[PDB]
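**Q** Pasting a structure here, questions to come.
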Amino acid sequence: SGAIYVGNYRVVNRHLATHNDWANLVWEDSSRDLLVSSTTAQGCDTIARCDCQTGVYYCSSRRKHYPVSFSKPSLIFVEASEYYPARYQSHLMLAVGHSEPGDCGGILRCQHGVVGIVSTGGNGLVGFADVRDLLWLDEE
Ligand SMILES: CSc1ccccc1CC(=O)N1CCC[C@H](S(N)(=O)=O)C1
Ligand SMILES: [Zn+2]
């Protein structure tokens, strides 16, 4: 579990969105595994606006933050799960790092701010849904 709290937005994995998230929906995209809902309180996270390929992510199944090198946002086949059919997830970045199913939501960050959240992984991989292209998270 986990979310990004920037401005009056809450960014979560679409597959982990709550009823309250759906009832206060701003934007969602199944192909990216992302959903954004509106919040009453202002958040403290800042979004990175860069092309970094090195950063640090939080792994809840180890209670640890790990430095990682990650690929550029791309399309990558993600194996069928209880949440989506076998398919091409977009804007996804891969790294070598420990991950297990409930780690979705952990933040990946670089020197510029939050880069994205854990969405996939496996056999020593972890994948992140990028948010750096969502410029509207910084305003209104
Ligand atoms: C950290 S996820 C993980 C880790 C180790 C092993 C397996 C997984 C599960 C995983 O890859 N899933 C299941 C939840 C839905 C995502 S997604 N990206 O939204 O299609 C895909
Ligand atoms: Zn950066």
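Easy rule for this one: first residue shown is 1, then count along the chain.
We read in the header that X-ray crystallography, 1.3 Å was used to get this structure.
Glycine is treated like the rest: Cβ placed from N, Cα and C.
The active site, for protease 2A activity annotation in Swiss-Prot covers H15, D33, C104 and rests on similarity to another entry. Taken from Swiss-Prot, the feature Zn(2+) 1 binding site applies to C50, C52, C110, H112, supported by similarity to another entry.
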**Q** Near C50 (Zn(2+) 1 binding site), how many other Cβ atoms are within 10 Å of its Cβ?
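**A** There are 13 such Cβ atoms around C50 (Zn(2+) 1 binding site).
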**Q** Three-state secondary structure of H15 (active site, for protease 2A activity) from DSSP?
**A** helix
**Q** How many Å separate the Cα atoms of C110 (Zn(2+) 1 binding site) and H15 (active site, for protease 2A activity)?
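**A** Their Cα atoms are separated by 25 Å.
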**Q** When you measure from the Cβ of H112 (Zn(2+) 1 binding site), which residues in the chain that are at least 6 apart have a Cβ under 8 Å away?
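**A** In sequence order, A48, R49, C50, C52 meet the Cβ cut-off.
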**Q** What is the interatomic distance between the Cα atoms of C104 (active site, for protease 2A activity) and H15 (active site, for protease 2A activity), given in whole Å?
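**A** Given the Cα positions, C104 (active site, for protease 2A activity) is 9 Å from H15 (active site, for protease 2A activity).
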**Q** Counting only residues 6+ away in sequence within the same chain, which have a CB under 8 Å from the CB of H15 (active site, for protease 2A activity)?
**A** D33, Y83, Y84, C104
**Q** Please identify, from the recorded positions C52, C104, the residue with the sparsest Cβ neighbourhood, meaning fewest other Cβ atoms within 10 angstroms.
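**A** Selected from the recorded positions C52, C104 on minimum Cβ neighbours within 10 Å: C52.
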